[PDB]
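Chains as they are written, first to last, in the deposited numbering: chain E, 659 to 671; chain D, 507 to 671; chain C, 507 to 658.
All C-beta atoms in this analysis are idealised placements derived from N, C-alpha and C, irrespective of residue type, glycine included.
Taking it in order: structure first as structure tokens, then the write-up.
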Amino acid sequence: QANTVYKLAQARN
Amino acid sequence: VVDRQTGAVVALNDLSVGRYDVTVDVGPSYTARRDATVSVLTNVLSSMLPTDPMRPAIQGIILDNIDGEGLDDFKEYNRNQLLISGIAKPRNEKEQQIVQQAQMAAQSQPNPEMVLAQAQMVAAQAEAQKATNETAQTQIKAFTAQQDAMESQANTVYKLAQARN
Amino acid sequence: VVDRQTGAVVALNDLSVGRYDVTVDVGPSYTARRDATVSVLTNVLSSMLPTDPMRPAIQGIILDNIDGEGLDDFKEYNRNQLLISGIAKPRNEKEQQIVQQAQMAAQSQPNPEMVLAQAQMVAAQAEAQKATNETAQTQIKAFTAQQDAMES
């Protein structure tokens, strides 16, 4: 869950 | 109250005691108390059905009072078997602390053996009881999977939002 | 109502009591009350089948009342057995809290032993509780799976 939240933040670029 | 005594330098008779609670009667003439005990116990026996439960106790008490030559070992064996059955009430010399300890320990020690003689259900009950605490791991896994499902719902909702670019 | 007793410094005869409720009859002559009790119990015996349930209790009652020399241990054992079966009615000096206490303790103790003697069903019945957690897991999955389909 934490890693996927980080990935969501990252996909914003 | 469980004993009798009388004592005096010269026998003292207290006139305030009064009449006793004993009744005079006639009966058979016996040379020794053992003969009287044997006769009364034999009269008690032979009037009961052979399948009665107290017949072995009566027989043991009868053979315990028999007096004869060269019967010491048999009398000792019979007395030991009478102590094992909890009937003889040791006269507080050596068998109240050694034989009593021995038989209580010998009744406590084979307790696992006699429970194991039919305790085959113990394995099943232990398995079921610990399953009663483990198998809830299925519910825990379901809860974790539900949390992962909502997390993936949020993940893919964000993915749909970002996919519009 | 359970006790016969009268008290008087010099015997009081209450003239208002009236005639008693007893009848004068005749019977066998006995030297002591133990003889009468033993005779009555023996006459009661020999008149029922050997397989009747009350015969051991009557035998215990008879052997309680018999007297002799050197019978202390046997009488103690017989009285103990009679007390254990709830017939002797301990006379509230020490047995009601020693031997009766031992009997109630040894009645409470082996209930698990006796249920264990035939309780192979207990594991299966305990399992029924576990399936309440285990089987519903498929239903819990059924609702959660519905989301994993509408979301997709």
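Of the residues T537/C, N571/C, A642/C, which one's Cα is nearest the Cα of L547/C? When each option's Cα is compared against that of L547/C, the closest is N571/C.
Segments of 4+ residues assigned as alpha helix (DSSP H) that fall wholly inside the stretch 554-592 of chain C: As far as the stretch 554-592 of chain C is concerned, its whole alpha helix (DSSP H) runs of at least 4 residues are 561-571, 578-590.
Taking the alpha-carbon positions, what's the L555/C to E575/C distance? If you take the alpha carbons of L555/C and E575/C, they lie about 32 Å apart.
So is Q668/E in contact with chain D if we call contact Cβ pairs under 8 Å? Answer no: the Cβ-Cβ gap between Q668/E and chain D never drops below 8 Å.
For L666/E, does the three-state DSSP call read helix, strand or coil? In the three-state DSSP reduction, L666/E falls in the helix class (H, G or I).
Can you grab the Cα-Cα spacing for the pair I564/D / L551/D, in whole Å? Distance between the alpha carbons of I564/D and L551/D: 7 Å.
According to DSSP, simplified to helix, strand and coil, what is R525/D? DSSP, reduced to helix, strand and coil, places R525/D outside both helices and strands of the structure shown, so it counts as coil.
Please name the residue, chosen from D579/D, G566/D, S614/D, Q603/D, that lies closest to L588/D on a Cα-to-Cα basis. Of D579/D, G566/D, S614/D, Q603/D, the smallest CA-CA separation from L588/D is found for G566/D.
Is the beta carbon of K636/C sitting closer than 8 Å to the one on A637/D? Contact: yes.
For a cutoff of 8 Å on Cβ pairs, would you count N671/D as touching chain E? Not closer than 8 Å to any Cβ of chain E, the Cβ of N671/D fails to qualify, so no.
Cβ atoms of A629/C and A634/D: under 8 Å apart, would you say? Yes, these two residues count as a Cβ contact at 8 Å.
Straight-line Cα distance separating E640/C from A642/D: Taking the Cα positions, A642/D is about 7 Å away from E640/C.
Taking Cβ positions, are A594/D and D579/C nearer each other than 8 Å? Result yes, Cβ atoms of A594/D and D579/C sit closer than 8 Å.
Please state whether the Cβ-Cβ distance between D654/C and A655/D is less than 8 Å. The answer is yes: Cβ separation under 8 Å.
Look at the Cβ atom of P596/D, then the Cβ atom of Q606/D, and state whether they are nearer than 8 Å. Yes, the Cβ-Cβ distance between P596/D and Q606/D is below 8 Å.
Since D509/C contacts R540/C with CB under 8 Å, what's their CB separation in whole angstroms? With 8 Å as the limit, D509/C and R540/C do not qualify as a contact, their Cβ atoms being about 23 Å apart.
Reference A538/C, options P534/D, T529/D, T650/D, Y536/D, closest by Cα: The shortest C-alpha separation from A538/C is found at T529/D.
Cβ of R539/D within 8 Å of any chain C Cβ: Taking Cβ atoms only, chain C reaches closer than 8 Å to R539/D, which makes this a yes.
Any residues in the stretch 583-595 of chain C with a beta carbon nearer than 7 Å to a beta carbon of chain D? Which ones, in chain order? Those would be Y583, in chain order.
Residues in the same chain with beta-carbon distance under 8 Å from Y536/C, minus the five sequence neighbours each way, listed in chain order, please. By the criterion of a C-beta distance shorter than 8 Å, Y536/C is surrounded in its chain by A542, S545, once the five residues flanking it on both sides are discounted.
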